[PDB]
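Peer 1: Before I ask anything, here is the structure I am working with.
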Amino acid sequence: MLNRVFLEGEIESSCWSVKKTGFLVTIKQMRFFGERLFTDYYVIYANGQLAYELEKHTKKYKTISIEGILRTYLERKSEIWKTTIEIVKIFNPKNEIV
Amino acid sequence: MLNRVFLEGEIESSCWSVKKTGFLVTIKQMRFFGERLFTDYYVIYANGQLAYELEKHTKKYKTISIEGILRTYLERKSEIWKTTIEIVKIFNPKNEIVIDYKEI
């Protein structure tokens, strides 16, 4: 069904899967809401060839803007259902969206 | 910051915070894993007028589609930052949505 996410954030860290099947990148969104600042952390990822385009952006830019779908998965020897974004398209940092 | 989410699923459960500052709903979206049909669960919420719209849409429909903002909070234990969607807009369960973007 319907599932589209447009997210942009600052790159905090990133690494490969165990099998190095996919590249996970943690992005951060930090902002003032009321009298206080709230900071959000998101784990987006890419598989296949796209995991290399993702990893290169990591080496090039401090911020990333992507397109993708919301997903969750169960961490085995970890017990937890984690939420993440699977990337569909990375954007040109020098370009806006709308 | 670029932050927009469009999602739809089946309402699984929901509840009001203490001073009813907001209304929280938990949605299920079908997922596959090879040939196995499984499920994805998401937590969405709303404030003010829209919290009351949510609770009503909740006591009237099984599925729900929305437009929202992806947020997170810290699970101080597992130190995992959990994800929640701040509802911005609720759609008519009779309407086909349809997204796209530009590239200025």
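Identifiers in this document derive from the order of the structure tokens: chains are assigned A, B, ..., residues are numbered from 1 separately in each chain, and ligands are numbered from 1 in order of occurrence.
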I need the chain B residues near chain A as an MDAnalysis selection string; criterion: at most 7 Å, counting only C-alpha atoms.
Peer 2: chainID B and resid 1:8 40 71:72 81 83 101:104
Peer 1: Residues near residue 16 in chain B, anyone? I mean within 10 Å using only C-alpha atoms, not counting same-chain ones fewer than 5 positions away, as a VMD selection string.
Peer 2: chain B and resid 21 to 25 45 51 55
Peer 1: I need the chosen residues saved as a PDB file, in the first residue's frame, with N, CA, C and O atoms.
Peer 2:
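Contents of part30.pdb, freshly written:
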```
ATOM      1  N   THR B  21      -3.058  15.044  26.025  1.00  0.00           N
ATOM      2  CA  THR B  21      -2.284  15.952  25.182  1.00  0.00           C
ATOM      3  C   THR B  21      -2.272  15.419  23.729  1.00  0.00           C
ATOM      4  O   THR B  21      -2.215  16.186  22.763  1.00  0.00           O
ATOM      5  N   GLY B  22      -2.311  14.092  23.598  1.00  0.00           N
ATOM      6  CA  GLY B  22      -2.308  13.459  22.294  1.00  0.00           C
ATOM      7  C   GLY B  22      -2.986  12.101  22.283  1.00  0.00           C
ATOM      8  O   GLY B  22      -3.254  11.504  23.325  1.00  0.00           O
ATOM      9  N   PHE B  23      -3.273  11.608  21.085  1.00  0.00           N
ATOM     10  CA  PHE B  23      -3.912  10.305  20.922  1.00  0.00           C
ATOM     11  C   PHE B  23      -2.993   9.431  20.087  1.00  0.00           C
ATOM     12  O   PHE B  23      -2.601   9.813  18.984  1.00  0.00           O
ATOM     13  N   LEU B  24      -2.656   8.258  20.611  1.00  0.00           N
ATOM     14  CA  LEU B  24      -1.769   7.358  19.903  1.00  0.00           C
ATOM     15  C   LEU B  24      -2.448   6.141  19.339  1.00  0.00           C
ATOM     16  O   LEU B  24      -3.187   5.437  20.030  1.00  0.00           O
ATOM     17  N   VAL B  25      -2.157   5.904  18.066  1.00  0.00           N
ATOM     18  CA  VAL B  25      -2.692   4.775  17.329  1.00  0.00           C
ATOM     19  C   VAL B  25      -1.539   3.899  16.816  1.00  0.00           C
ATOM     20  O   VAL B  25      -0.459   4.392  16.487  1.00  0.00           O
ATOM     21  N   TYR B  45       0.568   9.285  15.915  1.00  0.00           N
ATOM     22  CA  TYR B  45      -0.157  10.063  16.917  1.00  0.00           C
ATOM     23  C   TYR B  45      -0.633  11.386  16.343  1.00  0.00           C
ATOM     24  O   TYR B  45      -0.302  11.727  15.211  1.00  0.00           O
ATOM     25  N   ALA B  51      -6.450  15.028  17.091  1.00  0.00           N
ATOM     26  CA  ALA B  51      -6.356  13.867  17.977  1.00  0.00           C
ATOM     27  C   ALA B  51      -7.758  13.290  18.104  1.00  0.00           C
ATOM     28  O   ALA B  51      -7.958  12.079  18.134  1.00  0.00           O
ATOM     29  N   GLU B  55      -9.306   9.654  16.884  1.00  0.00           N
ATOM     30  CA  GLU B  55     -10.088   8.759  17.732  1.00  0.00           C
ATOM     31  C   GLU B  55     -11.437   8.423  17.090  1.00  0.00           C
ATOM     32  O   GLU B  55     -11.943   7.312  17.242  1.00  0.00           O
TER      33      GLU B  55
END
```
Peer 1: Can you list, as a PyMOL selection string, every protein, DNA or RNA residue that comes within 8 Å of range 18-23 of chain A when you count only C-alpha atoms, leaving out same-chain residues fewer than 5 positions away?
Peer 2: chain A and resi 45-48+51-52+54-55
Peer 1: Can you pull out every residue within 8 Å of residue 26 in chain B, counting only C-alpha atoms, but drop anything in the same chain fewer than 2 positions away, and send it as a count of residues only?
Peer 2: 10
Peer 1: Run DSSP on the backbone of this structure and report the residues of chain B it assigns to strand (DSSP E or B), as a PyMOL selection string.
Peer 2: chain B and resi 3-16+22-33+36-47+63-75+80-90
Peer 1: Output as a list in words all residues of chain B that backbone DSSP marks as alpha helix (DSSP H).
Peer 2: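 Filtering chain B down to alpha helix (DSSP H) leaves residues 49, 50, 51, 52, 53, 54, 55, 56, 57 and 58 of chain B.
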Peer 1: Please determine, counting only C-alpha atoms, which residue among B:65, B:84, B:78, B:49 has the shortest atom-to-atom distance to residue 98 in chain B.
Peer 2: B:65
Peer 1: So how many Å separate CA of residue 29 in chain B and CA of residue 46 in chain B, to one decimal?
Peer 2: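 These atoms are spaced 19.0 Å apart.
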Peer 1: Considering only C-alpha atoms, return as a PyMOL selection string whatever protein or nucleic-acid residues lie within 7 Å of residue 10 in chain A, sequence-local ones (same chain, fewer than 2 positions apart) excluded.
Peer 2: chain A and resi 12+27-29+62-64
Peer 1: Export N, CA and C atoms of the chosen residues as an mmCIF file, in the first residue's frame?
Peer 2:
```cif
data_model
loop_
_atom_site.group_PDB
_atom_site.id
_atom_site.type_symbol
_atom_site.label_atom_id
_atom_site.label_comp_id
_atom_site.auth_asym_id
_atom_site.auth_seq_id
_atom_site.Cartn_x
_atom_site.Cartn_y
_atom_site.Cartn_z
ATOM 1 N N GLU A 12 25.648 11.130 10.987
ATOM 2 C CA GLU A 12 26.269 10.899 12.292
ATOM 3 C C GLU A 12 27.288 9.773 12.243
ATOM 4 N N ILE A 27 21.377 9.142 10.407
ATOM 5 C CA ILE A 27 21.237 10.556 10.132
ATOM 6 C C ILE A 27 20.552 11.244 11.308
ATOM 7 N N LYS A 28 20.893 12.504 11.558
ATOM 8 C CA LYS A 28 20.303 13.219 12.677
ATOM 9 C C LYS A 28 19.570 14.498 12.313
ATOM 10 N N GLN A 29 18.422 14.705 12.956
ATOM 11 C CA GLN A 29 17.616 15.907 12.776
ATOM 12 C C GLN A 29 17.492 16.518 14.159
ATOM 13 N N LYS A 62 28.394 15.934 4.233
ATOM 14 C CA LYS A 62 28.098 15.908 5.664
ATOM 15 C C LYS A 62 26.604 15.710 5.930
ATOM 16 N N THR A 63 25.779 15.975 4.911
ATOM 17 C CA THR A 63 24.327 15.829 4.999
ATOM 18 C C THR A 63 23.820 15.008 3.815
ATOM 19 N N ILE A 64 22.684 14.336 3.992
ATOM 20 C CA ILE A 64 22.100 13.536 2.915
ATOM 21 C C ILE A 64 20.592 13.728 2.875
#
```
Peer 1: Suppose you want the space between CA of residue 37 in chain B and CA of residue 62 in chain B; what is it in Å?
Peer 2: 19.6 Å
Peer 1: Quick one: pull the distance between CA of residue 86 in chain A and CA of residue 90 in chain B, Å, one decimal.
Peer 2: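 Computing it gives 23.8 Å between the two atoms.
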Peer 1: Using only C-alpha atoms, which residue out of B:9, B:69, B:99, B:63 lies closest to residue 30 in chain B?
Peer 2: B:9
